[PDB]
2 protein chains.
Amino acid sequence: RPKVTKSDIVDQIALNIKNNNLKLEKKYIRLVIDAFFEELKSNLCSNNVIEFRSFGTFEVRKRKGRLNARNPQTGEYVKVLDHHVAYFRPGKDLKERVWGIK
Amino acid sequence: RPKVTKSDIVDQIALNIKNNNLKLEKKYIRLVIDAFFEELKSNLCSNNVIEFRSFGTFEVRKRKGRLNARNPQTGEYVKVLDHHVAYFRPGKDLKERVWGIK
DNA sequence: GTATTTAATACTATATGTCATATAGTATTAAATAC
DNA sequence: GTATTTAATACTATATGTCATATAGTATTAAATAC
């Protein structure tokens, strides 16, 4: 049940990369990862669909607003407008490797 | 509706990276990205929580099975066991840049 | 690498009903590969 | 870079009810920064 950070991942990618007799400076790894997220965000804003086979797909989905909305704290009915949301849709490999988990 | 691929993203990261007077071979970019996904998957399998401050969080969630399940095609009642699923939970920046979208 | 500073998340209450789910076979198309 | 080959996705039917949602203020903590 641990909490992994962009930093840990960057370190792991460092390992993973060297395990295959390759050498890349954590510097460049951190760099790619940042550009990666930046690029993914803008891509999402443009309402594009990014697909990474064997992992998952990112896309924007529409979501109907409500009036029934509730303020968890007070119960006061709140209004929510029809908006859009970032959605990750799991790929075969990922979906199957996670299905039966302890 | 457009469709972006791991390849296009890799190219965009190439651009993004050079726009900031830096030079990294598409080779190494493709590399990081692959190790990135690899590492994220195993991290998910270990039922860890990966957090990328203001972008989103990945985590495994439990999902109750059913009997009511249906075969979209035939209507035949199907059974589904309690399992786990990969879930992406949008971060502030992402959730806000996507909210009001045409 | 470490110390400092800023701001994103976890946390929480608990009604409500939208939206992802289930299937499998065909046509695409991502993308790994060797060139 | 391009052509070839393999296998992951899009696509689709449409009942069902789980599960994410709304809020905001406090304590954490990711992580960008300059050293």
# chains A, B, ... in the order shown; residues from 1 in each chain; ligands from 1

call {"tool": "closest_atom_pairs", "arguments": {"of": "stretch 2-60 of chain A", "to": "stretch 18-31 of chain D", "cutoff": "12 Å", "atoms": "only C-alpha atoms (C1' of nucleotides)", "output": "JSON lines"}}
result
{"residue": "A:3", "atom": "CA", "partner": "D:30", "partner_atom": "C1'", "distance": 10.7}
{"residue": "A:4", "atom": "CA", "partner": "D:30", "partner_atom": "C1'", "distance": 10.1}
{"residue": "A:5", "atom": "CA", "partner": "D:30", "partner_atom": "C1'", "distance": 7.3}
{"residue": "A:6", "atom": "CA", "partner": "D:30", "partner_atom": "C1'", "distance": 8.3}
{"residue": "A:7", "atom": "CA", "partner": "D:31", "partner_atom": "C1'", "distance": 8.4}
{"residue": "A:8", "atom": "CA", "partner": "D:30", "partner_atom": "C1'", "distance": 11.2}
{"residue": "A:30", "atom": "CA", "partner": "D:31", "partner_atom": "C1'", "distance": 11.6}
{"residue": "A:34", "atom": "CA", "partner": "D:31", "partner_atom": "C1'", "distance": 11.8}

call {"tool": "select_by_dssp", "arguments": {"residues": "stretch 6-101 of chain A", "states": "strand (DSSP E or B)", "output": "list in words"}}
result
residues 49, 50, 51, 52, 56, 57, 58, 59, 60, 61, 62, 63, 66, 70, 77, 80, 83, 84, 85, 86, 87, 88, 89 and 90 of chain A

call {"tool": "residues_around", "arguments": {"residues": "stretch 60-69 of chain B", "least_positions_apart": "4", "cutoff": "7 Å", "atoms": "only C-alpha atoms (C1' of nucleotides)", "output": "list in words"}}
result
residues 44, 47, 77, 78, 79, 80, 81, 82, 83, 84, 85, 86 and 87 of chain B; 22 of chain C; 16 of chain D

call {"tool": "calpha_fit_rmsd", "arguments": {"fixed": "chain A", "moving": "chain B"}}
result
0.3 Å

call {"tool": "closest_atom_pairs", "arguments": {"of": "chain A", "to": "chain B", "cutoff": "7 Å", "atoms": "only C-alpha atoms", "output": "tab-separated table"}}
result
residue	atom	partner	partner_atom	distance
A:1	CA	B:48	CA	5.2
A:2	CA	B:48	CA	5.1
A:3	CA	B:49	CA	4.8
A:4	CA	B:50	CA	4.5
A:5	CA	B:51	CA	5.4
A:6	CA	B:52	CA	5.6
A:9	CA	B:39	CA	6.9
A:12	CA	B:39	CA	6.8
A:13	CA	B:35	CA	5.4
A:16	CA	B:35	CA	6.4
A:17	CA	B:35	CA	6.8
A:29	CA	B:32	CA	6.3
A:32	CA	B:29	CA	6.3
A:35	CA	B:13	CA	5.4
A:36	CA	B:13	CA	6.0
A:39	CA	B:13	CA	6.6
A:41	CA	B:94	CA	6.3
A:45	CA	B:98	CA	5.4
A:48	CA	B:2	CA	5.2
A:49	CA	B:3	CA	4.8
A:50	CA	B:4	CA	4.5
A:51	CA	B:5	CA	5.3
A:52	CA	B:6	CA	5.5
A:83	CA	B:99	CA	5.3
A:84	CA	B:99	CA	4.7
A:85	CA	B:99	CA	6.0
A:86	CA	B:90	CA	6.2
A:87	CA	B:88	CA	6.9
A:88	CA	B:88	CA	5.5
A:90	CA	B:86	CA	6.4
A:94	CA	B:41	CA	6.4
A:95	CA	B:85	CA	6.6
A:97	CA	B:45	CA	6.5
A:98	CA	B:45	CA	5.5
A:99	CA	B:84	CA	4.9
A:100	CA	B:83	CA	6.2
A:101	CA	B:84	CA	6.5

call {"tool": "interface_residues", "arguments": {"of": "chain A", "to": "chain D", "cutoff": "6 Å", "atoms": "only C-alpha atoms (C1' of nucleotides)", "output": "number ranges by chain"}}
result
A: 69-72

call {"tool": "select_by_dssp", "arguments": {"residues": "chain A", "states": "alpha helix (DSSP H)", "output": "NGL selection string"}}
result
:A and (6-19 or 26-45 or 92-99)

call {"tool": "atom_distance", "arguments": {"atom1": "atom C1' of residue C:10", "atom2": "atom CA of residue A:73"}}
result
16.1 Å
